[PDB]
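Okay, structure first, notes after.
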Number of protein chains: 6
Amino acid sequence: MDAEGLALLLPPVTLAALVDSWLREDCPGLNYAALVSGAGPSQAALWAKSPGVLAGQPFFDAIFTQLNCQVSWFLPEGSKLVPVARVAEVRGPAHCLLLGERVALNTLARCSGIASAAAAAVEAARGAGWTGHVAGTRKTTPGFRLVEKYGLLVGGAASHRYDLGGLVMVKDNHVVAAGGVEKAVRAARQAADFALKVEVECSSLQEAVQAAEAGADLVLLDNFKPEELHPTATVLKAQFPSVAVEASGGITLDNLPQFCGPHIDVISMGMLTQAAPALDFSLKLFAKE
Amino acid sequence: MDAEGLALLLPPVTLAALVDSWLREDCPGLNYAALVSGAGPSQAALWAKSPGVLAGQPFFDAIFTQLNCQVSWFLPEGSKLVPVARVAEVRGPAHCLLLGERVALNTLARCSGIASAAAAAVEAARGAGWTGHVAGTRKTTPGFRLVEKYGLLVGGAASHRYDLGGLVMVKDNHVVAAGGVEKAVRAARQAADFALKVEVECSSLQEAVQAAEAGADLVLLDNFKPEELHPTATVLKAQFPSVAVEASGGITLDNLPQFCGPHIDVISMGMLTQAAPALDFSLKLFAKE
Amino acid sequence: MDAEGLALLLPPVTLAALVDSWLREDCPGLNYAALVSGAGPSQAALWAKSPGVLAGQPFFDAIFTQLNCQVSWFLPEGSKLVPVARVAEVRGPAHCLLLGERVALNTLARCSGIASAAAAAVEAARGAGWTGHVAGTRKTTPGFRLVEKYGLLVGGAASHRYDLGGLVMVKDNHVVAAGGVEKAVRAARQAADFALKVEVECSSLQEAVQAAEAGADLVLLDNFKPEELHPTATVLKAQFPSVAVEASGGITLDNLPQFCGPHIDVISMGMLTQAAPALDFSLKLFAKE
Amino acid sequence: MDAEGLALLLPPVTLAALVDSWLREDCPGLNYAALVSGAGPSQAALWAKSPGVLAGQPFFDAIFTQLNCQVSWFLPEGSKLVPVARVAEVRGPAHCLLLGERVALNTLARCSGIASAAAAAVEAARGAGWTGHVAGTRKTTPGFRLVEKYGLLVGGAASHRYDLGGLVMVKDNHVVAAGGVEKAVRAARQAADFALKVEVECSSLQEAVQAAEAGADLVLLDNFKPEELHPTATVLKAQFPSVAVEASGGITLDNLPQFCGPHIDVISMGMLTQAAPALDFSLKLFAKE
Amino acid sequence: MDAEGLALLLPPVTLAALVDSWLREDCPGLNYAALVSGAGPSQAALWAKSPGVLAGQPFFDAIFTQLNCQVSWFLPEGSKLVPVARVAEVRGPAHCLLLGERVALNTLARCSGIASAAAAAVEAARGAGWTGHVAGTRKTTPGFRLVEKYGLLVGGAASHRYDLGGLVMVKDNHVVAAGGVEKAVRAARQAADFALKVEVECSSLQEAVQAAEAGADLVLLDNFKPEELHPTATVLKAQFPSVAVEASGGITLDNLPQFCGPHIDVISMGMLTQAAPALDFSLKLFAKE
Amino acid sequence: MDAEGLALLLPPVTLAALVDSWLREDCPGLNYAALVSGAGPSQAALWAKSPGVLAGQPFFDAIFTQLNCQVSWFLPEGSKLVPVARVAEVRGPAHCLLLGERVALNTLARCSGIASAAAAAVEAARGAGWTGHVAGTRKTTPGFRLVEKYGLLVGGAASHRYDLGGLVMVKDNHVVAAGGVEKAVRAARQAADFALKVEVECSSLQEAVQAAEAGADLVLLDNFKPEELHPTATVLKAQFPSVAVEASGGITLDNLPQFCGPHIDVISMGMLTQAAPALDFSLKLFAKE
Ligand SMILES: O=C(O)c1ccc[n+]([C@@H]2O[C@H](COP(=O)([O-])O)[C@@H](O)[C@H]2O)c1
Ligand SMILES: O=C(O)c1ccc[n+]([C@@H]2O[C@H](COP(=O)([O-])O)[C@@H](O)[C@H]2O)c1
Ligand SMILES: O=C(O)c1ccc[n+]([C@@H]2O[C@H](COP(=O)([O-])O)[C@@H](O)[C@H]2O)c1
Ligand SMILES: O=C(O)c1ccc[n+]([C@@H]2O[C@H](COP(=O)([O-])O)[C@@H](O)[C@H]2O)c1
Ligand SMILES: O=C(O)c1ccc[n+]([C@@H]2O[C@H](COP(=O)([O-])O)[C@@H](O)[C@H]2O)c1
Ligand SMILES: O=C(O)c1ccc[n+]([C@@H]2O[C@H](COP(=O)([O-])O)[C@@H](O)[C@H]2O)c1
């Protein structure tokens with residue numbers, strides 16, 4: 001509902017340590033450019049130069065907070081960005097603003113790109129009349145998942161499982177390793193019967209039926225062509241009405257409406273995190289009025 | 001030098017701490033799916049399903065080494081990927097293979113994705129007759145710089161400075177803070193006269209002349225149109241022949257040939273790391289004869 | 001239904017870090033006692049002097065692997081301990097055996113003490129004909145959760161959710177802060193509709209019906225005397241066949257039969273981790289012959 | 001002699017680091033329940049529902065300090081707890097209160113459970129006229145020693161050595177490795193030099209005399225029957241009056257008066273940290289008026 | 001030219017982490033002495049008892065900020081110390097002052113010792129009519145480089161490169177491994193043509209000419225006799241006027257003037273961080289009036 | 001006694017973490033020089049070019065072991081170094097040898113420099129007939145205390161207390177804060193009666209008598225002239241035969257005989273760690289076949 005409340009999801013203690021490692025990565029030793037700018041109190045304007053959705057204020061704020069700077073936002077989390085928009089002002093000693101600048105922009109750009117992709121996907125789906133959830137994956141940049149799942153939520157998608165613990169997800173490789181879908185789904189059920197859910201990844205109707213018989217909570221139809229996707233889900237919903245159907249594999253902004261259908265509850269797209277270009281933001285010091 | 005030599009640039013201690021933190025990110029508690037697959041010895045085939053350049057073997061290796069798995073590659077680092085290619089084979093306990101799969105794949109996908117954009121840019125420059133350096137920027141994913149700068153090098157681009165400690169770069173914001181170009185360049189030269197180089201980002205020809213007169217090693221012409229860019233660089237090289245000229249701002253694979261010019265030495269592209277989609281890789285367990 | 005394979009659940013990277021920090025805590029500087037013992041090859045015996053269930057071999061093994069010692073076990077993980085039993089042999093340099101001894105016994109004692117409480121509780125419950133799950137809680141020693149939740153599993157109990165990122169549980173305090181059960185539960189269901197489960201802690205029959213109406217996967221009947229409990233539950237399963245029922249509040253080894261009932265699916269006991277005395281083990285060096 | 005002033009023993013850099021790891025353990029990713037409570041200002045009351053001694057206010061405070069919450073205590077550290085007592089009030093944003101609640105109660109229950117067991121021991125020892133030190137052991141939970149040693153002090157017991165540094169302690173296993181008591185405490189005496197004391201665990205009157213002859217400061221008489229313990233301690237003090245005698249092994253709250261004696265200076269019980277059940281506390285949100 | 005400005009080079013995140021690691025080294029567990037002093041407000045005066053240069057205020061300040069203490073300086077950074085001077089006053093709880101006393105004095109004493117040695121070398125060089133850069137090396141105490149490089153700057157020396165990332169330095173061993181100087185600097189030149197500098201360490205005029213002819217930005221003449229050093233530099237400056245010339249190897253304050261010469265740009269000295277004795281500072285609590 | 005045994009004191013968990021932080025300090029990103037040397041197998045000789053005592057082999061081994069290099073020592077830990085001497089060989093890949101070279105030489109140079117100062121102070125006191133202990137202090141480089149305390153031991157000196165959790169030490173500032181010598185030491189005697197030692201730092205003979213009378217184990221006569229130090233030590237020994245006497249403050253190599261006396265038990269010298277120059281070592285790659 002409200003993109004403004006999503007920030008309560010982020011534990012305060014994780015932000016500070018996350019942010020501290022990013023700052024150290026960009027300046028591990030002596031910050032020679034501090035001598036160029038000096039330490040006088042300054043003001044920068046944050047400028048939106050790309051269209052999209054604003055996501056990332058919590059991480060932007062945390063970065064500058066460790067550098068004793070303050071941020072005033074002129075747009076809420078989740079806003080549509082119409083270029084060229086003035087979206088915040090940052091205040092602090094000049095060398096601190098310029099030290100935090102690059103990391104803060106990198107984070108805002110990337111989080112917002114993901115939310116902009118997610119909002120477009122949510123839009124395309126509703127424009128085909130589909131009421132299910134658009135979702136992300138675990139195809140995230142390592143070390144950056146907290147930012148990328150947050151960005152999905154701001155854009156209106158579900159984050160899907162955060163990590164491997166999680167919901168027990170039986171994949172192709174698990175079926176092979178366990179010697180059969182029925183053995184794998186039985187082993188996944190025991191591993192947390194109460195209460196984690198079990199999702200099972202299925203390359204065909206007959207695997208999906210076997211997964212549902214063995215007790216899957218969710219059935220993921222993997223890499224179906226749309227023309228076989230919907231018949232398969234119809235049979236499933238008629239035979240196992242309380243099992244949820246997820247479609248996934250090669251779904252993009254463009255072909256997404258072909259994968260929306262009344263018997264698909266969830267559509268997950270790797271593109272939301274692997275192919276969402278970053279938005280264009282700049283931070284510019286200006287003289288005080 | 002040669003793409004296989006590049007792996008030596010990676011300090012093995014940093015590799016291990018990066019890899020461990022990525023794994024703890026994807027599985028911070030219990031790995032319930034390890035019960036589904038068990039620990040029996042298995043083999044998995046790495047498949048390349050996107051065209052491009054293969055980059056990131058050192059990280060893929062270090063991920064799996066930490067889980068006591070081994071990798072045999074069938075293509076060298078920097079190889080062209082012609083899909084559908086069988087790129088490697090991974091060996092080890094089934095649960096260790098499946099626990100590292102996603103992290104390893106996510107790393108290789110983004111690293112290869114960046115190397116693929118760099119290769120594409122170096123190609124576009126060479127086909128325009130340009131012998132300069134195509135270069136990356138500091139617009140990298142927070143936490144992930146080591147992989148992305150490594151990706152740039154495998155693709156044939158220069159990484160540019162690794163962080164704020166490796167070359168004193170006077171930007172528009174330093175100029176405003178310092179009171180002006182020549183004040184800012186003087187403080188930059190002090191801050192490490194011997195010996196770090198000083199690069200100055202300039203938005204006008206006069207700003208470029210002031211910076212070169214003030215002793216900049218490198219003058220970066222920022223967001224010039226090509227029609228304004230090349231006459232500026234010609235003037236600069238005429239008056240200051242030992243000052244290198246860089247061009248940057250809004251340069252993409254498509255417009256890259258318009259910015260090549262006999263008086264440009266470096267061309268830096270934020271897009272090589274911010275808008276380079278990841279390649280598609282899978283890892284499929286295959287049965288024991 | 002096999003305690004030897006539970007070790008696969010422990011991610012190897014989390015084990016080594018945890019063990020390192022335990023060894024650092026017990027010896028932060030110089031280890032003066034190493035000079036008293038020297039470094040000659042030697043062997044110790046592990047002695048179980050308490051009845052119960054043996055749990056914690058992977059942690060015990062990991063501690064001594066960091067100290068270049070080897071361990072041979074004479075009883076599989078989960079075995080019944082009949083004192084005074086010779087449980088294992090540890091081999092390595094004398095000072096390394098004696099450096100690991102206290103941390104290894106401390107971990108094994110507590111992991112086995114918890115598994116022993118868990119096994120006794122599970123034994124009580126099937127002796128009353130019960131088929132549901134005996135479970136643990138988040139009343140764990142801070143920083144020791146991985147050992148204590150693993151111990152629950154070794155003794156046959158369910159771990160319940162590992163931390164706040166598993167199933168969304170709304171408690172009395174959430175209901176007070178949301179201003180009502182059905183508000184709380186409706187927010188909970190949004191926060192991850194697909195797919196994490198939602199569990200609601202209820203003090204009174206009315207609350208549980210509200211919770212179930214609103215979409216709870218699980219209702220926890222908290223602090224019921226067994227007199228009200230089994231009516232309450234058989235009502236709920238009548239009205240809501242599809243919703244799981246959990247009993248919690250003051251359930252101990254002595255009174256556990258009185259909470260076992262046929263419409264109760266899960267019984268969780270904070271005593272399994274808060275009042276589970278450690279078993280008594282010792283490690284004794286013995287001479288070669 | 002003043003439990004309020006013990007909090008100065010805890011260095012504040014360590015407290016924040018330990019507290020951050022505990023919070024990170026209980027919520028490693030997104031905190032979904034935060035969307036259920038919101039962030040509106042709230043107050044919770046701390047209820048003691050158990051008899052004992054109150055211990056652990058600095059850790060409790062430090063947890064809620066990291067979460068931007070305040071604590072008001074109505075009982076000083078060390079007070080007797082008569083249930084059901086209102087111990088404190090915690091103020092702050094509701095999600096912040098609910099995120100720290102479990103870890104704060106977990107820490108206070110264990111700390112207090114220990115200080116309550118210590119105070120019982122000091123009560124029983126005082127009831128037998130014994131003026132020596134009741135002390136703890138190194139049988140603490142790995143990772144938690146700071147809380148548990150502090151809890152021993154709050155309840156009137158001596159902590160004993162914190163770690164493997166501190167006093168050099170010759171044990172059964174050292175005597176085996178060094179080939180005799182004389183050799184082991186001569187090597188110990190050398191390592192200890194002038195700053196550390198030497199204590200020797202002795203299971204017979206012969207060992208105790210050899211240890212005292214070879215310069216031990218303390219002799220620990222290990223696993224003696226009470227009838228054998230007191231003559232041994234007496235003859236030792238006659239022959240070596242400068243040597244402190246400690247008794248230890250199987251000493252419990254019920255049998256502790258039997259081990260008290262005018263020639264025992266220290267009595268140590270693993271019981272106080274390995275078998276002290278945690279006190280019952282709760283934290284309940286309430287409406288301001 | 002301003003010692004008070006150098007503090008801006010220190011990124012505040014790194015300061016906190018480094019400072020906390022030093023406090024934890026000196027007090028890993030309980031601070032027993034805190035009971036001896038109590039927590040009442042106190043004041044202590046910092047006393048300089050050595051002649052030299054004051055350096056290290058940012059580290060001294062940061063230690064005491066972590067401990068909720070405040071510092072007031074009566075001398076700016078880089079001041080000349082004429083003993084016995086009263087250079088600062090520290091205010092805070094009694095136990096926090098005494099907790100930080102030793103770490104802060106150890107830090108200030110080494111930093112000021114390095115700055116004193118650097119200023120002595122600069123004064124000797126200036127008394128020989130030399131105005132090039134006196135420079136440090138990477139012969140720093142491991143883990144203490146930020147303090148030691150900072151102290152070189154306060155004293156008037158150049159820090160030289162901070163680590164293996166600042167400038168590619170071809171040493172004797174690189175030459176041997178590369179199979180010759182031409183191959184080495186060619187490879188070095190490739191590692192970062194634009195733009196890091198390449199310095200080559202040379203033991204003969206012929207090696208230096210080759211290093212220069214092959215592209216070196218700086219030539220370091222290592223362990224020359226002054227009699228052969230100055231003719232060598234004169235040749236290099238005449239045939240390669242843009243290449244900087246460094247002298248290094250065995251250069252001490254007492255022999256430094258013989259190494260000063262019109263064609264030496266940089267003189268670097270291991271002894272500035274390896275043979276620089278610390279200064280004597282004390283911190284004495286004082287009372288009301 | 002035997003310096004070769006002292007390596008047993010070093011817990012290997014701590015060595016790896018220390019060493020990792022030092023390597024990361026010296027190369028936080030890409031190691032450009034690795035491309036100059038390549039990765040082929042190589043060898044380097046370790047030369048001692050300063051007189052003194054060899055100390056720090058375990059830290060040197062650990063550095064290279066982290067880089068997959070092996071070290072062969074030709075002299076034992078603690079040897080007298082008669083320059084020039086071939087101390088060791090190091091083998092491994094060329095770029096790993098050159099990556100560890102500086103950190104490994106820095107650690108060995110400071111460790112050996114400290115041991116050399118220790119051995120000379122021990123010999124000075126032996127030549128004066130004195131049988132007490134020469135001791136170090138806590139005037140140690142922050143972060144480096146393990147190497148420096150270790151270096152003292154290899155030189156034949158006592159380390160004195162490692163940190164604040166060793167013996168409780170009442171200093172001038174503690175006396176001022178407690179309001180009296182004699183209330184200070186009683187607070188200190190409580191803070192760990194059994195069993196840590198109490199040392200009191202005294203400026204006058206009356207102060208020593210009060211510390212002795214209130215129960216100090218050790219009395220440090222701080223900054224006495226030798227003329228008054230020995231009369232004072234004699235009174236104390238006569239009145240308090242079991243109290244040990246330390247002498248400290250301004251004691252150097254050349255006046256150490258003046259502080260030796262029959263009633264001084266310990267002499268401690270800040271200069272052993274604050275004014276002990278590092279020894280000169282070099283590591284030289286040499287070609288094979
Ligand atoms: O591991 C997960 O949590 C997870 C959640 C949702 C989807 N996936 C997988 O992500 C893949 C998405 O494919 P794509 O083409 O959109 O990159 C598909 O193979 C799914 O099985 C994986
Ligand atoms: O800070 C650096 O290391 C750096 C190196 C090269 C380029 N840049 C900046 O990157 C910008 C180019 O970004 P883009 O997205 O327009 O390709 C340009 O404005 C430069 O100032 C920055
Ligand atoms: O937060 C959890 O994960 C959780 C899981 C299971 C149970 N609990 C709570 O644990 C409590 C059990 O109390 P007790 O007497 O068994 O210590 C009961 O009040 C439940 O609400 C809490
Ligand atoms: O290592 C220590 O610091 C230490 C301090 C005091 C006692 N102990 C040992 O702890 C044992 C007491 O265990 P318990 O649970 O039987 O009372 C006994 O064998 C002592 O030698 C060990
Ligand atoms: O690696 C560096 O950054 C570096 C910078 C400047 C000098 N050095 C080396 O330092 C050595 C001089 O140190 P010293 O103790 O002989 O005065 C000489 O051999 C140089 O090669 C090394
Ligand atoms: O704090 C310690 O553990 C410690 C141990 C031994 C000596 N000291 C102090 O070291 C000081 C002697 O330093 P110095 O530089 O004059 O040789 C003297 O003032 C003692 O109080 C301090």
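Chain labels follow the order of the structure tokens: the first chain is A, the next B, and so on; residue numbering restarts at 1 in every chain, and ligands are counted from 1 in their shown order.
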If you run DSSP over the backbone, which residues in segment 41-277 of chain B end up alpha helix (DSSP H)? Put them as a VMD selection string.
chain B and resid 57 to 66 94 to 126 145 to 154 172 to 178 181 to 191 205 to 213 226 to 239 256 to 259 271 to 274
Could you give me the residues within 7 Å of ligand 6, counting only C-alpha atoms and all ligand atoms, as a PyMOL selection string?
chain F and resi 136-138+160-161+163+169+171+201+222-223+248-251+268-271
Those residues you just picked out, can you put them in a file as a PDB file, in the first residue's frame with C-alpha atoms?
ATOM      1  CA  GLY F 136      58.101  -4.727  29.698  1.00  0.00           C
ATOM      2  CA  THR F 137      55.158  -2.386  30.078  1.00  0.00           C
ATOM      3  CA  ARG F 138      51.886  -1.588  28.343  1.00  0.00           C
ATOM      4  CA  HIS F 160      54.491  -8.040  32.685  1.00  0.00           C
ATOM      5  CA  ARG F 161      50.678  -7.985  32.573  1.00  0.00           C
ATOM      6  CA  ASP F 163      46.428  -5.937  29.516  1.00  0.00           C
ATOM      7  CA  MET F 169      47.271  -2.047  39.025  1.00  0.00           C
ATOM      8  CA  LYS F 171      48.334   4.041  39.716  1.00  0.00           C
ATOM      9  CA  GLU F 201      52.423   2.416  42.042  1.00  0.00           C
ATOM     10  CA  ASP F 222      58.032   4.860  40.439  1.00  0.00           C
ATOM     11  CA  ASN F 223      60.641   7.401  39.296  1.00  0.00           C
ATOM     12  CA  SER F 248      60.214   1.620  37.110  1.00  0.00           C
ATOM     13  CA  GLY F 249      60.564   5.007  35.478  1.00  0.00           C
ATOM     14  CA  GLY F 250      63.392   6.345  33.358  1.00  0.00           C
ATOM     15  CA  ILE F 251      65.377   3.112  33.549  1.00  0.00           C
ATOM     16  CA  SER F 268      60.443  -2.612  33.943  1.00  0.00           C
ATOM     17  CA  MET F 269      61.513  -0.406  31.045  1.00  0.00           C
ATOM     18  CA  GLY F 270      59.199   1.470  28.705  1.00  0.00           C
ATOM     19  CA  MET F 271      62.171   1.848  26.386  1.00  0.00           C
TER      20      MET F 271
END
At a cut-off of 9 Å, list the chain C residues touching chain E, using only C-alpha atoms, as a ChimeraX atom specification.
/C:25,28-29
Generate a file of the selected residues that holds N, CA and C atoms, formatted as a PDB file, in the first residue's frame.
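Output contents, as saved in result-v2.pdb:
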ATOM      1  N   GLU C  25      37.365 -15.886  22.665  1.00  0.00           N
ATOM      2  CA  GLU C  25      36.828 -15.448  23.949  1.00  0.00           C
ATOM      3  C   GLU C  25      37.516 -16.153  25.119  1.00  0.00           C
ATOM      4  N   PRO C  28      42.111 -14.759  24.797  1.00  0.00           N
ATOM      5  CA  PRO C  28      42.282 -13.541  23.987  1.00  0.00           C
ATOM      6  C   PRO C  28      43.727 -13.143  23.723  1.00  0.00           C
ATOM      7  N   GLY C  29      44.709 -13.702  24.431  1.00  0.00           N
ATOM      8  CA  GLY C  29      46.079 -13.232  24.277  1.00  0.00           C
ATOM      9  C   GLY C  29      47.110 -14.333  24.187  1.00  0.00           C
TER      10      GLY C  29
END
Long-range neighbours of residue 288 of chain C as a list in words, 8 Å cut-off, only C-alpha atoms, 2 positions minimum in chain:
residues 42, 43 and 286 of chain C
Requested write-out: N, CA, C and O atoms of the selected residues, as a PDB file, in the first residue's frame:
ATOM      1  N   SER C  42      49.413 -36.572  21.250  1.00  0.00           N
ATOM      2  CA  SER C  42      48.726 -37.207  22.364  1.00  0.00           C
ATOM      3  C   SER C  42      47.301 -37.524  21.959  1.00  0.00           C
ATOM      4  O   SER C  42      46.882 -37.291  20.824  1.00  0.00           O
ATOM      5  N   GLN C  43      46.556 -38.048  22.919  1.00  0.00           N
ATOM      6  CA  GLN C  43      45.202 -38.512  22.700  1.00  0.00           C
ATOM      7  C   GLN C  43      44.424 -38.316  23.993  1.00  0.00           C
ATOM      8  O   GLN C  43      44.967 -38.472  25.093  1.00  0.00           O
ATOM      9  N   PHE C 286      45.427 -39.620  27.989  1.00  0.00           N
ATOM     10  CA  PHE C 286      45.913 -40.907  28.450  1.00  0.00           C
ATOM     11  C   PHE C 286      47.146 -41.286  27.647  1.00  0.00           C
ATOM     12  O   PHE C 286      47.260 -40.930  26.469  1.00  0.00           O
TER      13      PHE C 286
END
Which neighbours of residue 230 of chain D fall inside 8 Å, counting only C-alpha atoms, when residues of the same chain fewer than 5 positions from it are skipped, and could you give them as a ChimeraX atom specification?
/D:259,261,263-264
Could the residues in this selection be saved with N, CA and C atoms as a short mmCIF file (atom, residue, chain, number, x, y, z; two decimals), in the first residue's frame?
data_model
loop_
_atom_site.label_atom_id
_atom_site.label_comp_id
_atom_site.auth_asym_id
_atom_site.auth_seq_id
_atom_site.Cartn_x
_atom_site.Cartn_y
_atom_site.Cartn_z
N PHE D 259 30.57 -28.81 52.30
CA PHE D 259 31.91 -28.47 51.82
C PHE D 259 32.48 -27.23 52.50
N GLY D 261 34.08 -25.00 55.34
CA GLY D 261 35.02 -25.37 56.36
C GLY D 261 36.03 -24.28 56.58
N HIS D 263 39.10 -24.14 56.68
CA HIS D 263 40.35 -24.19 55.94
C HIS D 263 40.13 -24.22 54.44
N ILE D 264 38.92 -23.95 53.98
CA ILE D 264 38.60 -23.75 52.57
C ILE D 264 38.44 -22.25 52.34
#
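The gap separating atom CA of residue 173 of chain E from atom CA of residue 220 of chain E is 14.2 Å, in Å to one decimal.
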Using only C-alpha atoms, which residues sit within 8 Å of residue 100 of chain B once same-chain residues fewer than 3 positions away are excluded, as a list in words?
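With the cut-off at 8 Å, the set is residues 23, 63, 64, 67, 96, 97, 103 and 104 of chain B.
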Members of segment 56-196 of chain F assigned strand (DSSP E or B) by DSSP, as a PyMOL selection string
chain F and resi 70-73+80-81+85-93+133-135+158+168-170
Output C-alpha atoms for every residue in the selection just made, as an mmCIF file, in the first residue's frame.
data_model
loop_
_atom_site.group_PDB
_atom_site.id
_atom_site.type_symbol
_atom_site.label_atom_id
_atom_site.label_comp_id
_atom_site.auth_asym_id
_atom_site.auth_seq_id
_atom_site.Cartn_x
_atom_site.Cartn_y
_atom_site.Cartn_z
ATOM 1 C CA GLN F 70 56.599 -21.840 2.747
ATOM 2 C CA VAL F 71 59.453 -20.668 4.988
ATOM 3 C CA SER F 72 62.579 -22.684 5.857
ATOM 4 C CA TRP F 73 64.424 -21.314 8.886
ATOM 5 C CA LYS F 80 72.006 -14.189 18.210
ATOM 6 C CA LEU F 81 72.210 -12.454 14.838
ATOM 7 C CA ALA F 85 73.495 -13.926 8.095
ATOM 8 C CA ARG F 86 71.268 -16.079 5.863
ATOM 9 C CA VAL F 87 68.319 -16.524 8.211
ATOM 10 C CA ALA F 88 65.725 -18.249 6.003
ATOM 11 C CA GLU F 89 64.418 -19.098 2.550
ATOM 12 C CA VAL F 90 60.858 -18.437 1.362
ATOM 13 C CA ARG F 91 59.356 -20.279 -1.615
ATOM 14 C CA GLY F 92 56.100 -19.768 -3.454
ATOM 15 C CA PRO F 93 54.572 -18.013 -6.460
ATOM 16 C CA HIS F 133 63.215 -9.902 36.232
ATOM 17 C CA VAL F 134 63.620 -7.279 33.522
ATOM 18 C CA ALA F 135 60.099 -6.498 32.376
ATOM 19 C CA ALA F 158 59.100 -10.696 31.418
ATOM 20 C CA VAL F 168 44.924 -5.040 39.077
ATOM 21 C CA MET F 169 47.271 -2.047 39.025
ATOM 22 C CA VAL F 170 46.661 0.993 41.255
#
With only C-alpha atoms as the basis for distance, which of B:18, B:4, B:107, B:139 is at the shortest distance from residue 282 of chain A?
B:139
Using only C-alpha atoms, determine which residues lie at most 10 Å from residue 242 of chain E, disregarding the query and same-chain residues fewer than 5 positions distant; provide the list as number ranges by chain.
E: 212, 216-218, 236-237
Report, in Å to a single decimal, how far apart atom CA of residue 132 of chain F and atom CA of residue 262 of chain F are.
8.8 Å
Write out as a PyMOL selection string each polymer residue whose atoms come within 9 Å of residue 113 of chain C, counting only C-alpha atoms; drop sequence neighbours fewer than 4 positions from it.
chain C and resi 52-55+108-109+117-118+151+272-273+276-280
Residue nearest residue 34 of chain E - candidates F:115, F:188, F:8, F:75, atoms counted: only C-alpha atoms
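Among the listed residues, F:188 lies closest to residue 34 of chain E.
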Between atom CA of residue 200 of chain F and atom CA of residue 21 of chain E, what distance in Å does the model show, to one decimal?
27.6 Å
